[PDB]
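Undergrad: Dropping in upload15.cif, with mmCIF, C-alpha atoms and all ligand atoms.
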```
data_model
#
loop_
_atom_site.label_atom_id
_atom_site.label_comp_id
_atom_site.auth_asym_id
_atom_site.auth_seq_id
_atom_site.Cartn_x
_atom_site.Cartn_y
_atom_site.Cartn_z
CA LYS J 3 79.72 -17.19 124.23
CA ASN J 4 77.77 -14.08 125.25
CA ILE J 5 80.60 -11.87 126.54
CA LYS J 6 82.40 -9.60 124.06
CA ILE J 7 86.17 -10.12 124.14
CA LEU J 8 89.15 -8.35 122.56
CA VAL J 9 92.59 -9.81 121.89
CA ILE J 10 95.35 -7.32 121.08
CA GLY J 11 98.10 -8.13 118.56
CA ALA J 12 99.03 -11.30 116.70
CA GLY J 13 101.82 -13.07 118.54
CA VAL J 14 102.16 -16.66 119.52
CA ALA J 15 99.96 -16.15 122.59
CA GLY J 16 97.70 -13.60 120.92
CA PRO J 17 96.30 -15.92 118.22
CA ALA J 18 96.73 -18.89 120.56
CA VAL J 19 94.28 -17.56 123.15
CA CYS J 20 91.80 -16.69 120.39
CA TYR J 21 91.67 -20.27 119.10
CA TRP J 22 91.24 -21.68 122.60
CA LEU J 23 88.59 -19.04 123.29
CA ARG J 24 86.74 -19.75 120.04
CA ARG J 25 86.90 -23.50 120.59
CA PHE J 26 85.48 -23.07 124.10
CA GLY J 27 82.40 -21.31 122.73
CA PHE J 28 83.60 -17.70 122.84
CA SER J 29 83.69 -15.38 119.81
CA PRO J 30 86.66 -13.01 120.27
CA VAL J 31 88.34 -10.51 117.96
CA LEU J 32 92.03 -10.05 117.20
CA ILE J 33 93.53 -6.66 116.35
CA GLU J 34 97.04 -5.90 115.08
CA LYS J 35 99.14 -2.73 114.93
CA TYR J 36 101.20 -3.65 111.85
CA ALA J 37 99.56 -3.88 108.41
CA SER J 38 100.06 -7.64 108.38
CA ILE J 39 101.30 -10.24 110.87
CA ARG J 40 105.04 -10.05 111.44
CA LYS J 41 106.56 -13.30 110.22
CA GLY J 42 110.17 -12.22 110.66
CA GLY J 43 112.00 -13.86 113.54
CA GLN J 44 114.53 -16.49 114.59
CA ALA J 45 113.98 -20.21 115.14
CA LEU J 46 112.10 -21.18 118.30
CA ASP J 47 111.88 -24.52 120.10
CA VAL J 48 108.43 -25.82 120.98
CA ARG J 49 108.92 -28.18 123.92
CA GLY J 50 107.70 -29.29 127.33
CA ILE J 51 103.96 -29.58 127.90
CA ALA J 52 103.60 -26.99 125.13
CA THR J 53 104.14 -29.81 122.65
CA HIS J 54 101.02 -31.47 124.06
CA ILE J 55 99.16 -28.19 123.56
CA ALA J 56 100.38 -27.98 119.95
CA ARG J 57 98.90 -31.38 119.13
CA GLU J 58 95.40 -30.72 120.47
CA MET J 59 95.33 -27.63 118.26
CA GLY J 60 96.07 -29.92 115.32
CA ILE J 61 99.00 -27.73 114.29
CA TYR J 62 101.73 -30.12 115.47
CA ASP J 63 101.91 -31.82 112.08
CA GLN J 64 102.22 -28.48 110.28
CA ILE J 65 105.03 -27.57 112.67
CA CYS J 66 107.00 -30.72 111.90
CA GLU J 67 106.70 -29.76 108.23
CA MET J 68 108.18 -26.30 108.77
CA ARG J 69 110.74 -27.51 111.33
CA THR J 70 114.31 -26.27 110.90
CA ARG J 71 116.01 -28.41 108.28
CA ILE J 72 119.47 -26.93 108.80
CA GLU J 73 121.97 -29.79 108.61
CA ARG J 74 125.18 -28.26 109.96
CA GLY J 75 126.81 -25.20 111.50
CA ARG J 76 130.39 -24.22 112.32
CA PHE J 77 131.87 -21.57 114.58
CA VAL J 78 134.06 -19.20 112.59
CA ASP J 79 136.75 -16.85 113.88
CA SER J 80 137.18 -13.26 112.68
CA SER J 81 139.15 -14.35 109.60
CA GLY J 82 136.74 -17.07 108.49
CA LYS J 83 138.78 -20.03 109.77
CA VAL J 84 136.77 -22.83 111.39
CA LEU J 85 137.42 -23.25 115.11
CA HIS J 86 134.58 -25.68 115.81
CA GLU J 87 131.93 -27.37 113.66
CA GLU J 88 128.55 -28.93 114.34
CA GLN J 89 129.37 -30.77 117.57
CA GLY J 90 127.38 -30.33 120.77
CA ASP J 98 111.41 -36.42 123.21
CA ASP J 99 108.80 -34.54 121.20
CA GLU J 100 109.91 -30.98 120.47
CA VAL J 101 110.45 -28.92 117.33
CA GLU J 102 112.75 -26.15 116.15
CA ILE J 103 110.74 -23.91 113.84
CA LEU J 104 110.87 -20.29 112.69
CA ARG J 105 108.31 -18.29 114.68
CA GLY J 106 107.09 -16.86 111.38
CA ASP J 107 105.98 -20.33 110.31
CA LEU J 108 104.56 -20.98 113.77
CA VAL J 109 102.68 -17.68 113.79
CA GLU J 110 101.31 -18.32 110.30
CA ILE J 111 100.29 -21.82 111.37
CA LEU J 112 98.60 -20.28 114.41
CA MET J 113 96.97 -17.66 112.19
CA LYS J 114 95.80 -20.44 109.88
CA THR J 115 93.97 -21.99 112.84
CA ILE J 116 92.12 -18.87 113.98
CA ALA J 117 91.04 -17.90 110.45
CA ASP J 118 87.45 -18.15 111.68
CA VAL J 119 88.25 -15.42 114.22
CA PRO J 120 88.03 -11.82 112.92
CA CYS J 121 91.40 -10.08 112.67
CA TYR J 122 91.89 -6.36 112.17
CA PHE J 123 95.38 -5.15 111.31
CA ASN J 124 96.37 -1.46 111.28
CA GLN J 125 94.51 -1.12 114.60
CA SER J 126 96.09 0.49 117.66
CA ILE J 127 94.80 1.39 121.13
CA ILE J 128 95.44 4.97 122.20
CA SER J 129 93.19 4.68 125.26
CA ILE J 130 91.75 2.10 127.63
CA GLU J 131 89.31 2.64 130.51
CA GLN J 132 87.62 0.28 132.95
CA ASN J 133 84.74 -0.06 135.42
CA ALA J 134 82.61 -2.88 136.85
CA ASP J 135 80.24 -2.91 133.87
CA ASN J 136 82.60 -2.83 130.88
CA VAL J 137 85.96 -2.00 129.30
CA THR J 138 86.11 1.06 127.05
CA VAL J 139 88.55 1.15 124.14
CA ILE J 140 89.62 4.11 122.02
CA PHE J 141 91.19 3.10 118.71
CA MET J 142 93.66 5.41 116.95
CA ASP J 143 91.22 5.76 114.05
CA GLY J 144 88.74 7.21 116.53
CA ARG J 145 86.40 4.24 116.79
CA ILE J 146 85.02 3.56 120.27
CA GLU J 147 83.82 0.22 121.63
CA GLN J 148 83.20 -1.51 124.96
CA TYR J 149 84.05 -5.14 125.77
CA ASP J 150 83.38 -7.42 128.74
CA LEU J 151 86.98 -8.63 128.77
CA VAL J 152 90.22 -7.56 127.09
CA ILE J 153 93.27 -9.79 126.67
CA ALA J 154 96.61 -8.16 125.90
CA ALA J 155 98.95 -10.09 123.59
CA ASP J 156 101.23 -7.05 123.24
CA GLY J 157 104.26 -8.72 124.82
CA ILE J 158 107.26 -7.33 126.71
CA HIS J 159 106.76 -3.72 125.59
CA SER J 160 102.97 -3.86 125.95
CA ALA J 161 101.23 -0.49 126.14
CA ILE J 162 98.14 -2.11 127.65
CA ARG J 163 100.30 -2.99 130.64
CA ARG J 164 101.53 0.55 131.30
CA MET J 165 98.04 2.02 130.85
CA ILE J 166 96.15 -0.30 133.20
CA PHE J 167 99.04 -0.69 135.67
CA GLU J 168 101.12 1.77 137.66
CA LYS J 169 104.90 1.74 138.12
CA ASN J 170 104.88 -0.09 141.46
CA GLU J 171 102.58 -2.91 140.32
CA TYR J 172 105.04 -4.33 137.78
CA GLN J 173 108.77 -4.09 137.07
CA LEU J 174 110.72 -4.66 133.86
CA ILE J 175 114.01 -6.47 134.49
CA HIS J 176 116.84 -5.94 132.00
CA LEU J 177 119.11 -8.97 131.58
CA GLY J 178 121.89 -6.81 130.18
CA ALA J 179 121.88 -8.06 126.60
CA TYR J 180 120.28 -7.28 123.25
CA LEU J 181 119.18 -9.35 120.26
CA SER J 182 118.51 -8.81 116.55
CA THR J 183 117.49 -10.85 113.51
CA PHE J 184 116.27 -10.25 109.95
CA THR J 185 116.16 -11.63 106.41
CA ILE J 186 118.58 -10.69 103.63
CA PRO J 187 119.43 -12.26 100.27
CA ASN J 188 122.29 -14.73 100.61
CA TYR J 189 125.62 -13.40 99.31
CA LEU J 190 127.33 -16.58 100.48
CA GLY J 191 124.81 -18.81 98.73
CA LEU J 192 125.12 -21.43 101.47
CA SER J 193 122.20 -23.82 102.01
CA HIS J 194 121.27 -25.37 105.36
CA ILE J 195 124.44 -24.00 106.96
CA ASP J 196 125.00 -21.77 110.00
CA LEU J 197 127.98 -19.46 110.57
CA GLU J 198 128.56 -17.80 113.93
CA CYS J 199 131.55 -16.04 115.48
CA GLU J 200 131.67 -15.04 119.15
CA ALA J 201 134.02 -12.14 119.94
CA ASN J 202 133.97 -9.50 122.69
CA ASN J 203 130.69 -10.79 124.12
CA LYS J 204 129.13 -10.34 120.67
CA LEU J 205 127.68 -12.88 118.24
CA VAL J 206 126.84 -12.83 114.53
CA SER J 207 124.63 -15.50 112.98
CA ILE J 208 123.87 -15.97 109.28
CA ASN J 209 122.23 -19.12 107.91
CA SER J 210 120.13 -20.65 105.14
CA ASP J 211 117.05 -22.87 105.27
CA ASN J 212 114.20 -24.41 103.26
CA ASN J 213 114.12 -21.21 101.24
CA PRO J 214 117.57 -21.35 99.57
CA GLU J 215 117.48 -17.81 98.18
CA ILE J 216 117.58 -15.89 101.46
CA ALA J 217 119.90 -16.08 104.45
CA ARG J 218 118.58 -15.03 107.85
CA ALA J 219 121.16 -13.00 109.77
CA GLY J 220 121.30 -12.09 113.44
CA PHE J 221 123.18 -10.08 116.05
CA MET J 222 123.56 -10.74 119.78
CA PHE J 223 125.62 -8.52 122.07
CA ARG J 224 125.81 -7.99 125.83
CA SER J 225 125.39 -4.31 126.74
CA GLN J 226 124.06 -2.10 129.53
CA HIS J 227 123.34 0.74 127.06
CA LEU J 228 119.80 2.12 127.01
CA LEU J 229 118.09 3.46 123.91
CA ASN J 230 115.97 6.53 124.63
CA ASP J 231 113.06 5.02 122.69
CA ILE J 232 113.34 1.30 121.95
CA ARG J 233 110.49 1.47 119.43
CA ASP J 234 112.54 3.49 116.95
CA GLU J 235 114.14 1.06 114.49
CA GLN J 236 116.76 3.50 113.20
CA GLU J 237 117.99 4.02 116.76
CA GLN J 238 118.05 0.22 116.96
CA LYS J 239 119.79 -0.05 113.58
CA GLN J 240 122.22 2.79 114.27
CA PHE J 241 122.96 1.28 117.68
CA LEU J 242 123.69 -2.02 115.93
CA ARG J 243 126.30 -0.43 113.66
CA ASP J 244 127.95 1.52 116.49
CA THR J 245 128.36 -1.60 118.63
CA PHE J 246 129.61 -3.85 115.84
CA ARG J 247 131.78 -1.19 114.27
CA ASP J 248 135.35 -2.57 114.20
CA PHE J 249 134.08 -6.16 114.61
CA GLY J 250 135.21 -7.27 111.16
CA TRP J 251 134.54 -10.59 109.41
CA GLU J 252 131.20 -10.51 107.57
CA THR J 253 129.76 -7.74 109.77
CA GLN J 254 129.90 -4.84 107.30
CA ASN J 255 128.60 -7.01 104.45
CA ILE J 256 125.58 -7.90 106.58
CA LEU J 257 124.89 -4.34 107.72
CA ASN J 258 124.91 -3.08 104.12
CA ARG J 259 122.19 -5.49 102.97
CA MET J 260 120.26 -4.74 106.17
CA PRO J 261 118.24 -1.64 105.11
CA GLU J 262 116.21 -3.63 102.56
CA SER J 263 115.04 -6.27 105.06
CA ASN J 264 111.32 -5.98 105.81
CA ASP J 265 111.21 -8.43 108.71
CA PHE J 266 113.89 -6.63 110.75
CA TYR J 267 113.59 -7.16 114.51
CA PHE J 268 115.60 -5.50 117.31
CA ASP J 269 115.12 -5.57 121.08
CA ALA J 270 116.82 -5.76 124.48
CA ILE J 271 116.66 -8.97 126.50
CA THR J 272 114.39 -8.36 129.49
CA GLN J 273 111.84 -10.24 131.58
CA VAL J 274 108.69 -8.83 133.16
CA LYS J 275 107.99 -9.45 136.84
CA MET J 276 104.42 -8.89 138.02
CA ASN J 277 102.49 -9.94 141.10
CA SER J 278 99.20 -10.09 139.21
CA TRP J 279 98.79 -10.58 135.47
CA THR J 280 95.16 -9.44 135.60
CA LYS J 281 93.33 -6.37 136.89
CA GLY J 282 89.54 -6.22 136.84
CA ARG J 283 88.16 -7.08 133.40
CA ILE J 284 91.59 -6.82 131.76
CA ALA J 285 94.19 -9.60 131.63
CA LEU J 286 97.72 -9.93 130.27
CA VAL J 287 98.88 -12.91 128.22
CA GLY J 288 102.21 -13.93 126.72
CA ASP J 289 105.25 -11.69 127.07
CA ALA J 290 103.11 -8.89 128.50
CA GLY J 291 102.89 -10.20 132.05
CA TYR J 292 105.25 -13.17 132.39
CA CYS J 293 107.89 -12.75 129.66
CA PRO J 294 110.99 -14.94 130.39
CA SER J 295 113.07 -13.20 127.68
CA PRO J 296 114.91 -14.76 124.68
CA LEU J 297 117.81 -16.21 126.70
CA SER J 298 115.20 -18.29 128.51
CA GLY J 299 114.19 -19.82 125.19
CA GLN J 300 110.94 -20.87 126.83
CA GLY J 301 109.24 -17.57 126.03
CA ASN J 302 107.66 -19.35 123.08
CA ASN J 303 106.01 -21.94 125.31
CA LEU J 304 104.63 -19.68 128.07
CA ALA J 305 102.31 -18.20 125.44
CA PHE J 306 100.87 -21.66 124.79
CA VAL J 307 100.52 -22.62 128.46
CA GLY J 308 99.14 -19.18 129.31
CA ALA J 309 96.71 -18.81 126.41
CA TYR J 310 95.38 -22.28 127.21
CA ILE J 311 94.79 -21.81 130.94
CA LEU J 312 93.51 -18.26 130.44
CA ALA J 313 90.74 -19.21 128.01
CA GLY J 314 90.08 -22.34 130.07
CA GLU J 315 89.64 -20.70 133.47
CA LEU J 316 87.18 -18.22 131.95
CA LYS J 317 84.94 -21.06 130.74
CA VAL J 318 84.81 -22.86 134.09
CA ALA J 319 84.08 -19.48 135.64
CA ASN J 320 80.66 -19.55 133.96
CA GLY J 321 80.62 -15.78 133.69
CA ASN J 322 82.66 -14.93 136.77
CA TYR J 323 85.83 -13.37 135.38
CA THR J 324 87.33 -12.28 138.69
CA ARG J 325 87.66 -15.88 139.88
CA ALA J 326 88.75 -16.97 136.41
CA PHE J 327 91.62 -14.47 136.53
CA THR J 328 92.59 -15.35 140.10
CA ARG J 329 92.90 -19.04 139.22
CA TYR J 330 94.76 -17.89 136.11
CA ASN J 331 97.35 -16.00 138.16
CA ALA J 332 97.76 -18.67 140.84
CA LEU J 333 98.51 -21.56 138.49
CA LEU J 334 101.18 -20.03 136.22
CA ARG J 335 103.20 -18.24 138.92
CA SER J 336 104.71 -21.56 139.99
CA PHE J 337 105.55 -22.26 136.34
CA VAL J 338 106.68 -18.74 135.41
CA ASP J 339 108.91 -18.38 138.49
CA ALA J 340 110.97 -21.52 137.88
CA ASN J 341 111.04 -20.62 134.20
CA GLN J 342 111.98 -16.94 134.46
CA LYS J 343 114.90 -17.85 136.72
CA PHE J 344 116.35 -20.10 134.03
CA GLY J 345 116.58 -17.21 131.58
CA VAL J 346 118.36 -15.16 134.22
CA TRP J 347 120.78 -18.02 134.87
CA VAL J 348 121.74 -18.37 131.20
CA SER J 349 121.96 -14.57 131.11
CA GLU J 350 124.77 -14.82 133.66
CA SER J 351 126.93 -17.13 131.54
CA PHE J 352 126.35 -15.34 128.24
CA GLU J 364 132.96 -29.39 127.72
CA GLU J 365 130.14 -31.86 127.09
CA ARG J 366 129.73 -31.64 130.86
CA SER J 367 127.89 -28.44 129.94
CA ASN J 368 125.00 -30.68 128.87
CA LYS J 369 123.95 -30.20 132.49
CA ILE J 370 121.96 -27.23 131.18
CA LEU J 371 120.04 -29.39 128.70
CA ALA J 372 118.75 -31.44 131.63
CA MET J 373 117.66 -28.18 133.28
CA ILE J 374 115.39 -27.15 130.40
CA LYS J 375 113.61 -30.51 130.33
CA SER J 376 112.81 -30.06 134.02
CA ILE J 377 111.51 -26.49 133.75
CA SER J 378 109.56 -26.97 130.52
CA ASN J 379 107.46 -29.82 131.94
CA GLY J 380 107.18 -28.28 135.39
CA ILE J 381 103.47 -27.44 135.33
CA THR J 382 100.25 -29.48 135.23
CA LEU J 383 97.50 -28.47 132.82
CA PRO J 384 93.89 -28.78 133.93
CA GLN J 385 92.16 -30.54 131.02
CA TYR J 386 89.20 -28.15 130.57
CA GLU J 387 88.32 -30.32 127.58
CA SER J 388 87.12 -33.38 129.48
CA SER J 389 84.11 -32.93 131.74
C1 LIG J 401 108.56 -9.91 115.19
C2 LIG J 401 109.06 -10.62 116.42
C3 LIG J 401 110.26 -11.29 116.39
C4 LIG J 401 110.73 -11.94 117.52
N1 LIG J 401 111.91 -12.59 117.43
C5 LIG J 401 112.42 -13.24 118.50
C6 LIG J 401 113.71 -13.96 118.44
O1 LIG J 401 114.38 -13.98 117.39
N2 LIG J 401 114.15 -14.59 119.54
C7 LIG J 401 113.46 -14.58 120.69
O2 LIG J 401 113.92 -15.18 121.68
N3 LIG J 401 112.27 -13.95 120.82
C8 LIG J 401 111.71 -13.28 119.79
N4 LIG J 401 110.48 -12.61 119.93
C9 LIG J 401 109.81 -12.69 121.23
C10 LIG J 401 109.02 -13.99 121.33
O3 LIG J 401 108.61 -14.42 120.02
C11 LIG J 401 107.80 -13.80 122.24
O4 LIG J 401 108.28 -13.44 123.54
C12 LIG J 401 106.91 -15.04 122.35
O5 LIG J 401 106.71 -15.63 121.06
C13 LIG J 401 105.56 -14.71 122.98
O6 LIG J 401 104.83 -13.87 122.09
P1 LIG J 401 103.70 -12.87 122.61
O7 LIG J 401 102.42 -13.64 122.78
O8 LIG J 401 104.29 -12.07 123.74
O9 LIG J 401 103.56 -11.93 121.31
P2 LIG J 401 104.85 -11.15 120.73
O10 LIG J 401 105.74 -12.15 120.02
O11 LIG J 401 105.44 -10.28 121.81
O12 LIG J 401 104.16 -10.24 119.61
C14 LIG J 401 103.29 -9.17 120.00
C15 LIG J 401 102.44 -8.79 118.79
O13 LIG J 401 101.46 -7.83 119.19
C16 LIG J 401 101.46 -6.71 118.30
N5 LIG J 401 101.47 -5.46 119.11
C17 LIG J 401 102.46 -5.05 119.93
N6 LIG J 401 102.14 -3.88 120.53
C18 LIG J 401 100.92 -3.52 120.09
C19 LIG J 401 100.00 -2.38 120.33
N7 LIG J 401 100.34 -1.38 121.18
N8 LIG J 401 98.82 -2.39 119.68
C20 LIG J 401 98.48 -3.38 118.83
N9 LIG J 401 99.28 -4.43 118.58
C21 LIG J 401 100.49 -4.56 119.16
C22 LIG J 401 102.69 -6.82 117.42
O14 LIG J 401 102.34 -6.67 116.04
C23 LIG J 401 103.29 -8.20 117.68
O15 LIG J 401 103.26 -9.04 116.53
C24 LIG J 401 109.95 -11.93 118.79
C25 LIG J 401 108.73 -11.25 118.83
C26 LIG J 401 108.27 -10.59 117.69
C27 LIG J 401 106.95 -9.87 117.77
#
```
As a first step, turn the structure in this file into structure tokens.
Ligand SMILES: Cc1cc2nc3c(=O)[nH]c(=O)nc-3n(C[C@H](O)[C@H](O)[C@H](O)COP(=O)(O)OP(=O)(O)OC[C@H]3O[C@@H](n4cnc5c(N)ncnc54)[C@H](O)[C@@H]3O)c2cc1C
TA:
Amino acid sequence: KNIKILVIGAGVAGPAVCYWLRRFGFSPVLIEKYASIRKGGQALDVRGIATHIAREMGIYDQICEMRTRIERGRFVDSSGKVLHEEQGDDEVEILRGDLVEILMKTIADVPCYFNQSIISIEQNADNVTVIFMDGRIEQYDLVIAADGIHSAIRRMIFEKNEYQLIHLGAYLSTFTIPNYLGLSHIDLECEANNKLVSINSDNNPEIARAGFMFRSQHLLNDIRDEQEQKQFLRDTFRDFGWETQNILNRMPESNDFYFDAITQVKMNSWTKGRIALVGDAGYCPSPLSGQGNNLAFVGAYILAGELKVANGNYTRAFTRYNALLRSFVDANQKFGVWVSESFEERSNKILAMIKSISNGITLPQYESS
């Protein structure tokens, strides 16, 4: 309760760790770079032991409310003809925006500052110094980075040899546009030239959430520039046909637009000194893994937990934090790489794989003494 803690960014894991920290007696603070939380995103499956975690946060019922209601989908060709349609445990498929908002609804007690960015971070035995972009300066006992795959807190506190970012050779994009098709609870996707386009409707009938997935070795100079992301999207899907151009034209007005390149972070240690990485920052499995959503839950839970049992000793708390998840992250990260290799109903062999990897770790209770 005494120690001053800082959580950076509102993700899944970012808000998740805050709630577990607050519930365990701590009083942390959450800061965010964007003016408000970013709700935009695709549907994500909460599964494995993460479903257990969702319940004890009391948000499981809210998740089942916002779960994907989409009834059907069919795989279109370039011309619109239908090649294939709709064919082929406690877990839920829910838009991360709903999940994030549900997570943000839980931590509402916890202070959250948006429009806050860290231009500098320093560390010694006594404290952790932070320099905000607005010029404000503060020192915390511990700092947890929710930044994710591209985390700046990782590059600042770590050198090049300590961690490595692995590129799985594919990109991903999604965003919300008004529905020109007018379809409701339907999903249309066409796979051509190792590229995929996905446009669908959901509980909100007005808007259709589009998406783009293509396998490429191309490297943007700066991956944080949206227009380079957007321009790169057009260049790749130029000549693709079908509904491509009609989607790209309604793109510019989408506020939730998200672009990135599938990658997974490999690090020996997820914590250095008084600073620790959570979520995609340290262990990110990447989108193709599909379990990237869950690692935030398992990580934010064990992180906050190990710090409480530490009784003030953070070094040991972080060492037990690293040791436990590496077994889980390893088996998990390798799944995302395996699916990254690929791209009948015998193919259900992969479904059995996920159920094995998702449940593959044992959570210390931390609740029951
Ligand atoms: C908007 C968005 C959309 C996504 N869509 C998909 C998807 O469609 N499919 C998929 O497989 N995965 C997607 N992901 C990745 C996936 O959701 C995460 O890997 C997973 O949920 C774990 O989240 P996290 O804890 O790493 O936080 P993340 O989801 O990585 O979010 C990090 C948050 O921290 C904030 N932040 C980042 N950098 C800084 C900084 N320097 N200073 C302050 N704040 C910062 C950002 O506002 C961001 O909301 C998305 C992530 C985001 C942020």
Undergrad: Which one is closest to residue 132 of chain J: J:176, J:204, J:239, J:283? Count only C-alpha atoms.
TA: J:283
Undergrad: Using all atoms listed in the file, which residues of chain J come within 8 Å of ligand LIG 401 (chain J), and what is the closest atom pair for each, with the distance in Å to one decimal? Give it as JSON lines, sorted by chain and residue number.
TA:
```
{"residue": "J:10", "atom": "CA", "partner": "J:LIG401", "partner_atom": "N9", "distance": 5.5}
{"residue": "J:11", "atom": "CA", "partner": "J:LIG401", "partner_atom": "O13", "distance": 3.4}
{"residue": "J:12", "atom": "CA", "partner": "J:LIG401", "partner_atom": "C15", "distance": 4.7}
{"residue": "J:13", "atom": "CA", "partner": "J:LIG401", "partner_atom": "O9", "distance": 3.5}
{"residue": "J:14", "atom": "CA", "partner": "J:LIG401", "partner_atom": "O7", "distance": 4.5}
{"residue": "J:15", "atom": "CA", "partner": "J:LIG401", "partner_atom": "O7", "distance": 3.5}
{"residue": "J:16", "atom": "CA", "partner": "J:LIG401", "partner_atom": "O7", "distance": 5.1}
{"residue": "J:17", "atom": "CA", "partner": "J:LIG401", "partner_atom": "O7", "distance": 8.0}
{"residue": "J:33", "atom": "CA", "partner": "J:LIG401", "partner_atom": "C20", "distance": 6.4}
{"residue": "J:34", "atom": "CA", "partner": "J:LIG401", "partner_atom": "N9", "distance": 4.4}
{"residue": "J:35", "atom": "CA", "partner": "J:LIG401", "partner_atom": "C20", "distance": 4.0}
{"residue": "J:36", "atom": "CA", "partner": "J:LIG401", "partner_atom": "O14", "distance": 5.3}
{"residue": "J:39", "atom": "CA", "partner": "J:LIG401", "partner_atom": "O15", "distance": 6.1}
{"residue": "J:40", "atom": "CA", "partner": "J:LIG401", "partner_atom": "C1", "distance": 5.1}
{"residue": "J:41", "atom": "CA", "partner": "J:LIG401", "partner_atom": "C1", "distance": 6.3}
{"residue": "J:42", "atom": "CA", "partner": "J:LIG401", "partner_atom": "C1", "distance": 5.3}
{"residue": "J:43", "atom": "CA", "partner": "J:LIG401", "partner_atom": "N1", "distance": 4.1}
{"residue": "J:44", "atom": "CA", "partner": "J:LIG401", "partner_atom": "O1", "distance": 3.8}
{"residue": "J:45", "atom": "CA", "partner": "J:LIG401", "partner_atom": "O1", "distance": 6.6}
{"residue": "J:46", "atom": "CA", "partner": "J:LIG401", "partner_atom": "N2", "distance": 7.0}
{"residue": "J:105", "atom": "CA", "partner": "J:LIG401", "partner_atom": "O3", "distance": 6.6}
{"residue": "J:125", "atom": "CA", "partner": "J:LIG401", "partner_atom": "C20", "distance": 6.2}
{"residue": "J:126", "atom": "CA", "partner": "J:LIG401", "partner_atom": "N8", "distance": 4.5}
{"residue": "J:127", "atom": "CA", "partner": "J:LIG401", "partner_atom": "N8", "distance": 5.7}
{"residue": "J:155", "atom": "CA", "partner": "J:LIG401", "partner_atom": "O7", "distance": 5.0}
{"residue": "J:156", "atom": "CA", "partner": "J:LIG401", "partner_atom": "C17", "distance": 4.1}
{"residue": "J:157", "atom": "CA", "partner": "J:LIG401", "partner_atom": "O8", "distance": 3.5}
{"residue": "J:158", "atom": "CA", "partner": "J:LIG401", "partner_atom": "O11", "distance": 6.0}
{"residue": "J:159", "atom": "CA", "partner": "J:LIG401", "partner_atom": "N6", "distance": 6.9}
{"residue": "J:160", "atom": "CA", "partner": "J:LIG401", "partner_atom": "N6", "distance": 5.5}
{"residue": "J:161", "atom": "CA", "partner": "J:LIG401", "partner_atom": "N7", "distance": 5.1}
{"residue": "J:162", "atom": "CA", "partner": "J:LIG401", "partner_atom": "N7", "distance": 6.9}
{"residue": "J:181", "atom": "CA", "partner": "J:LIG401", "partner_atom": "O1", "distance": 7.3}
{"residue": "J:182", "atom": "CA", "partner": "J:LIG401", "partner_atom": "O1", "distance": 6.7}
{"residue": "J:183", "atom": "CA", "partner": "J:LIG401", "partner_atom": "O1", "distance": 5.9}
{"residue": "J:265", "atom": "CA", "partner": "J:LIG401", "partner_atom": "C1", "distance": 7.2}
{"residue": "J:266", "atom": "CA", "partner": "J:LIG401", "partner_atom": "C1", "distance": 7.7}
{"residue": "J:267", "atom": "CA", "partner": "J:LIG401", "partner_atom": "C3", "distance": 5.6}
{"residue": "J:268", "atom": "CA", "partner": "J:LIG401", "partner_atom": "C3", "distance": 7.9}
{"residue": "J:287", "atom": "CA", "partner": "J:LIG401", "partner_atom": "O7", "distance": 6.5}
{"residue": "J:288", "atom": "CA", "partner": "J:LIG401", "partner_atom": "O7", "distance": 4.0}
{"residue": "J:289", "atom": "CA", "partner": "J:LIG401", "partner_atom": "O8", "distance": 3.5}
{"residue": "J:290", "atom": "CA", "partner": "J:LIG401", "partner_atom": "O8", "distance": 5.8}
{"residue": "J:293", "atom": "CA", "partner": "J:LIG401", "partner_atom": "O4", "distance": 6.2}
{"residue": "J:294", "atom": "CA", "partner": "J:LIG401", "partner_atom": "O4", "distance": 7.5}
{"residue": "J:295", "atom": "CA", "partner": "J:LIG401", "partner_atom": "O4", "distance": 6.3}
{"residue": "J:296", "atom": "CA", "partner": "J:LIG401", "partner_atom": "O2", "distance": 3.2}
{"residue": "J:297", "atom": "CA", "partner": "J:LIG401", "partner_atom": "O2", "distance": 6.4}
{"residue": "J:298", "atom": "CA", "partner": "J:LIG401", "partner_atom": "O2", "distance": 7.6}
{"residue": "J:299", "atom": "CA", "partner": "J:LIG401", "partner_atom": "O2", "distance": 5.8}
{"residue": "J:301", "atom": "CA", "partner": "J:LIG401", "partner_atom": "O4", "distance": 4.9}
{"residue": "J:302", "atom": "CA", "partner": "J:LIG401", "partner_atom": "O5", "distance": 4.3}
{"residue": "J:303", "atom": "CA", "partner": "J:LIG401", "partner_atom": "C12", "distance": 7.6}
{"residue": "J:304", "atom": "CA", "partner": "J:LIG401", "partner_atom": "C13", "distance": 7.2}
{"residue": "J:305", "atom": "CA", "partner": "J:LIG401", "partner_atom": "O7", "distance": 5.3}
```
Undergrad: Using only C-alpha atoms, which protein or nucleic acid residues come within 9 Å of residue 24 of chain J? Drop anything in the same chain fewer than 6 positions from it, and give the result as a list in words.
TA: residues 3, 30, 116, 118, 119 and 313 of chain J
Undergrad: Enumerate, as an mmCIF file with C-alpha atoms, in the frame of the given file, the protein, DNA and RNA residues whose atoms approach (90.2, -12.4, 117.8) to within 6 Å, taking into account only C-alpha atoms and the coordinate frame of the file.
TA:
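What follows is the written file out-v3.cif:
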```cif
data_model
loop_
_atom_site.group_PDB
_atom_site.id
_atom_site.type_symbol
_atom_site.label_atom_id
_atom_site.label_comp_id
_atom_site.auth_asym_id
_atom_site.auth_seq_id
_atom_site.Cartn_x
_atom_site.Cartn_y
_atom_site.Cartn_z
ATOM 1 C CA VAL J 9 92.590 -9.810 121.890
ATOM 2 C CA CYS J 20 91.800 -16.690 120.390
ATOM 3 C CA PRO J 30 86.660 -13.010 120.270
ATOM 4 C CA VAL J 31 88.340 -10.510 117.960
ATOM 5 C CA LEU J 32 92.030 -10.050 117.200
ATOM 6 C CA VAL J 119 88.250 -15.420 114.220
ATOM 7 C CA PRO J 120 88.030 -11.820 112.920
ATOM 8 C CA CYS J 121 91.400 -10.080 112.670
#
```
